[PDB]
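Following my numbering, the numbering of the sequence shown begins with 32 at its first residue and continues without gaps.
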Amino acid sequence: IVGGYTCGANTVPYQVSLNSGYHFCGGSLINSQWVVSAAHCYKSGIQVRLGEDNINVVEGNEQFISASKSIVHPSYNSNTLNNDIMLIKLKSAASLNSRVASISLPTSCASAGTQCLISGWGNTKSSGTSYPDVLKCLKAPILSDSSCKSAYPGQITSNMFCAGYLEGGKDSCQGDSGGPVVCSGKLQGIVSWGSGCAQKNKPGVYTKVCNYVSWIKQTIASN
Ligand SMILES: [Ca+2]
Numbered sequence: 032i033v034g035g036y037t038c039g040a041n042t043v044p045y046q047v048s049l050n051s052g053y054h055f056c057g058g059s060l061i062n063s064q065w066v067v068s069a070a071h072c073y074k075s076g077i078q079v080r081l082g083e084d085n086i087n088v089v090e091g092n093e094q095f096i097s098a099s100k101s102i103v104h105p106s107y108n109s110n111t112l113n114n115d116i117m118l119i120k121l122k123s124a125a126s127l128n129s130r131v132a133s134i135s136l137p138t139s140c141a142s143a144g145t146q147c148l149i150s151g152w153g154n155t156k157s158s159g160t161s162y163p164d165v166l167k168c169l170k171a172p173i174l175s176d177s178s179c180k181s182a183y184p185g186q187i188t189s190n191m192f193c194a195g196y197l198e199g200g201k202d203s204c205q206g207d208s209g210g211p212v213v214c215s216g217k218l219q220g221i222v223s224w225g226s227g228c229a230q231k232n233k234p235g236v237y238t239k240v241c242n243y244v245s246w247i248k249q250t251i252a253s254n
């Protein structure tokens, strides 16, 4: 997250870190046994880390649970990042409390102008690299489809939305991928891609979760 703020420990209780010996992507806990993340974060041998703030220090609220199954969206296209969404089933159910909690799926799509919370442990610089140990947060609006399509001609599908600031300065970044975009208490987006980070006229692009709720529910019900 570039241009954000320190969230505070366990203030984003649905945020997960995906770990394969190191943090590599975010995710969101959607019930006691399932995480949603980005398909481009797919790896074998994922450990899901819940209740994290500082990802390098054991602080006392963590739960570390191995993945039993990962399901990339059937139509994920790694070249265009269309359908950049994946489900991860945990080996055992998480213990839910005030600091580890699921986030609700949306029952509508969020409009342009809605304010959302984006979070992650990704890079905090637009030039160079500095990775934080504690969770960072950013409040950002959903942009109109027309501004989004004007920013990224020929690249935005119906399964994507833009959020952030056309002026630049404030954005998600490398290492935030897979993480949540939460608006009005619902999961509306997944950190997916962008051109650089926090660059002028290059807002973040997010997987539009409301298009996937049927697939998510059906998949969870049968796996
Ligand atoms: Ca920790």
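Every residue, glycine too, gets a C-beta built ideally from N, C-alpha and C.
Just the C-alpha distance for residue i and residue j, rounded to the nearest angstrom, thanks.
i: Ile77; j: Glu83; result: 16 Å
i: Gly235; j: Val212; result: 11 Å
i: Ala171; j: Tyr183; result: 18 Å
i: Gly91; j: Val43; result: 16 Å
i: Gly34; j: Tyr45; result: 22 Å
i: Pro163; j: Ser157; result: 14 Å
i: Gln146; j: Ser133; result: 20 Å
i: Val89; j: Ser59; result: 20 Å
i: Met117; j: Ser142; result: 23 Å
i: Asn41; j: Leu166; result: 9 Å
i: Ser51; j: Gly200; result: 30 Å
i: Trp246; j: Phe95; result: 26 Å
i: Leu49; j: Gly210; result: 10 Å
i: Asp176; j: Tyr237; result: 12 Å
i: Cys140; j: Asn85; result: 32 Å
i: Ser226; j: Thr138; result: 30 Å
Pick out whichever of the options has its Cα sitting closest to the Cα of residue i.
i: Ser203; options: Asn154, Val89, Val79, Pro172; result: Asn154
i: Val244; options: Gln219, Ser223, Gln230; result: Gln219
i: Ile149; options: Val165, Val131, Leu169, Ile134; result: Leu169
i: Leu174; options: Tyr107, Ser75, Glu198, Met117; result: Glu198
i: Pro105; options: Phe55, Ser51, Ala69; result: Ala69
i: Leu81; options: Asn242, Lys100, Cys56, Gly144; result: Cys56
i: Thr188; options: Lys239, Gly195, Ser226, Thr138; result: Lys239
i: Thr160; options: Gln94, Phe192, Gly206, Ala194; result: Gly206
i: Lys100; options: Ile221, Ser109, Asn108, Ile119; result: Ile119
i: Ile32; options: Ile221, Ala229, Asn242, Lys217; result: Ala229
i: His71; options: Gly227, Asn110, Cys140; result: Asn110
i: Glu93; options: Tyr196, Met191, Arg130; result: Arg130
i: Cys193; options: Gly185, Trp224, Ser215; result: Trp224
i: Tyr73; options: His54, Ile102, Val47; result: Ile102
i: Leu121; options: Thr37, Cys214, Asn242, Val47; result: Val47
Got a sec: does ligand 3 put a non-hydrogen atom nearer than 7 Å to the Cβ of residue i?
i: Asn41; result: This structure lacks ligand 3; the ligands present are ligand 1.
Count the other CB atoms within 10 Å of the CB of residue i; is the residue buried (16 or more) or exposed (fewer)?
i: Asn87; result: exposed
i: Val67; result: buried
i: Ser97; result: exposed
i: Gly151; result: buried
i: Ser208; result: buried
i: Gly39; result: exposed
i: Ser135; result: exposed
i: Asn113; result: buried
i: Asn190; result: buried
i: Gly144; result: exposed
Per DSSP, which residues does residue i bridge with? Please list them.
i: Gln64; result: Looking at the DSSP assignment, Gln64 forms no beta bridge with any residue, so it has no partner.
i: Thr37; result: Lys167
i: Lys100; result: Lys120
i: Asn50; result: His54, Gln78
i: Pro211; result: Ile221
i: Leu174; result: DSSP lists no partner for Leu174.
i: residue 322; result: The requested residue 322 does not occur in the structure, where the chain is confined to residues 32 to 254.
i: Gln249; result: According to DSSP, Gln249 bridges with nothing at all.
i: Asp202; result: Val33
i: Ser59; result: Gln46, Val67
Would you say residue i reaches chain C, if we count a Cβ-Cβ gap shorter than 8 Å as a contact?
i: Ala40; result: Judged by its chain identifiers, the structure shown contains no chain C, having just a single protein chain.
- Within the chosen definition, does the stretch 50-66 reach the stretch 118-125 through at least 3 CB pairs nearer than 8 Å? The stretch 50-66 makes contact with the stretch 118-125, as at least three CB pairs between them are under 8 Å.
- Contact the stretch 225-233 vs the stretch 245-253: 3+ CB pairs below 8 Å: The stretch 225-233 vs the stretch 245-253: no contact.
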